[PDB]
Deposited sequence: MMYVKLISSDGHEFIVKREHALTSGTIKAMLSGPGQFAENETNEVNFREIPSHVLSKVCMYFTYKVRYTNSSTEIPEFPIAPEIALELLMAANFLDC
């Protein structure tokens, strides 16, 4: 499908399907007032990587009667991930 690129502070590039990224209203807006790229100056890769995994998880298991697994969040990343979440509104 259509893909978009989400870049972290440490310079890692993540290519995610647009519809997966549009899970975040903040990413949506950034995408539209062209480049399909977005730069997150304050989100490091070990957070943004986990954000992309959430995008995959929500899409698959949203509106599905399969037993939903627990989204795994380790303790060492939880506080940073929460911060990213509040900003991304996902």
property: In sequence order, the deposited-sequence ranges that have no modelled C-alpha atom; result: 34-40
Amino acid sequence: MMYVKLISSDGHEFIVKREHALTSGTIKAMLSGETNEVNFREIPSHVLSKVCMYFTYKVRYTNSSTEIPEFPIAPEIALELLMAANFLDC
From here on, numbers count along this sequence of modelled residues.
property	result
Other entries omitting residue 42, at least a third	no
Mean C-alpha B-factor comparison - 62-70 and 15-23, higher one	62-70
Assigned third (lowest, middle, highest) for the C-alpha B factor of residue 51	middle
Among modelled residues of the same chain, the CA temperature factor third for residue 4	middle
